[PDB]
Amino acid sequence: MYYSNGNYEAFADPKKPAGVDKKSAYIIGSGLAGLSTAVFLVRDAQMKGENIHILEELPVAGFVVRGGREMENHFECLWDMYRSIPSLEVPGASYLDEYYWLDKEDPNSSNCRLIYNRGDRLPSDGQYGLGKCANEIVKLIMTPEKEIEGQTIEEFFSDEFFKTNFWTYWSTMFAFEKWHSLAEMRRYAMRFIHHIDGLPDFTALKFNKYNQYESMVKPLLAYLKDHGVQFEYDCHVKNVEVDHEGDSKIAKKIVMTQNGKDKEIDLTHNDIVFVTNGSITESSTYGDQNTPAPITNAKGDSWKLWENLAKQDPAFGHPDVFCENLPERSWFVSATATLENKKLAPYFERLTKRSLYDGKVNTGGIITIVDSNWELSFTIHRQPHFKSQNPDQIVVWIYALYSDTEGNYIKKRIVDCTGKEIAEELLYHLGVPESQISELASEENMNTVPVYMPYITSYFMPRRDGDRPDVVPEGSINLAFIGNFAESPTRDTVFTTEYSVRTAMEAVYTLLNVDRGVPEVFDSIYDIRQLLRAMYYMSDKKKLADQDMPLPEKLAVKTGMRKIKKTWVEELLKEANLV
């Protein structure tokens, strides 16, 4: 397979690859990576739909894990996929079209990103406030990824850096903890460089009409069903037995339980197996208005399956680094709070400066309470987020970056709180008078459901050589790993739906010999215009000569500025507002 960019390869359709009529696919896991794998097999490999088998764990607001993340314009592979998927909401258009038009009619932005002091906007909200710490980000970008394997974010950055607005925005919007992968943080800084101008106000974000299941999954299900793709339910895959001959690796048998019955699927080299290794949602537990979600570190089918594959070959990854020994401080709890009436509306509208009731964007993404002990953030998407909402209901999402600290108002770790308690802590930080908080958080007014997710932070655990298996392991004849614990050969970023679609595309194009380019990760880190733009924005719009940096670097900059005067390079710096 090969990588490409530009419209010629984007718009081109591949020829049907040789041999595909003889082949079948077994997709283990029906999350976005698996569904996307089926799409590329149907559309591009031209595999017969009835030869594609999606093995699904499940059988044939308040729901917190039907929920998803924002996207951005440069999700190159994901948009390649969704332009071919009919919209369910807009008949006659693609899903891309629905989303593009929605984004044009109701563009995303935040009027208030950071609050403190029980409801005041942080006075420096909007500013990165990096000062000389910006140099640290530059130094990270200039440090090769192979030099920083296993290292954490806090091992690299200064104490000062973690006190900056930049770190607040970054850690909260991406869910980076200080003990997470430095290499992944570097990948994010490179990957999303083109959006440095749009991070504090979230103008860089785009969102679906509805919750992820409704908006992103249902159109895929409809498309796959329409092409005769086979869905197997109540499937619990215990293992994929892999044969070794020479340097070749061949999936030989799928071992599973389905409808309570032990089954095996015998495979040949023409049966292609795609494994979603690992899960960030598995083992989630649920509380309710009056009950905490039970704390657990149980492993389910996904983690066990990866363990069983890992035992068979050193190239099949190391699940333990992602699912074992996560710190107590990790993000675990997310909650949805349903406002049942309009009593609390003014406490949110005073922040967003927008009506909650007009169907358009509200918070524009998370608001973070910077002096909350939990590092509590909340967001209100455009509404309704669930089509089942009555017209008076508004659904608020609530999350805590720190799980080991007692709250400011409710003196408990978030992991020990009922839904009502989580709501009470929020209301406290919104400025609701304390005498009203108990009533305003009670069921007549709000219903709040917490979920404890042991592995929600797992994608970002520091990685060493071999921890993630290659999408197509060397010598693999008919076996791929897909999803956000697989190792794409690119520098793409995990905890994104783009990465799921990418691994699907790379797996299918590689194993089925699809003769069309896979888009490279969008090359903004190599675009001089974006490098210069980022240095302008990151410094809170200082000219390059005025930016705080160690004196030898400052001297180097002055010398260089003299070297390029009156040249095209100077025009590029002027265009970037750096001179």
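All residue numbers are counted from 1 along the displayed sequence.
Where coordinates are absent for parts of the deposited sequence, a chain break appears; between neighbours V60 and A61 it spans 10 or more residues. Two stretches are in play, 65-73 and 526-534, and the higher mean C-alpha B-factor belongs to 65-73. Higher mean CA temperature factor between 90-98 and 432-440: 432-440, per the PDB entry.
Across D44, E520, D515, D546, the entry's maximum B-factor at the CA atom is seen for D546.
Looking only at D467, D288, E506, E241, the residue with the top Cα B factor in the deposited structure is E241. Placement of the Cα temperature factor of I52 within the chain: middle third of the modelled residues, per the deposited record. Among the modelled residues of its chain, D492 has a C-alpha B-factor that falls in the lowest third according to the deposited record. In the PDB entry, a CA B factor belonging to the middle third of its chain's modelled residues is recorded for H381. In this PDB entry, the Cα temperature factor of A25 sits in the middle third of its chain's modelled residues. Per the PDB record, residue ranking by Cα B-factor puts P450 in the lowest third of the chain.
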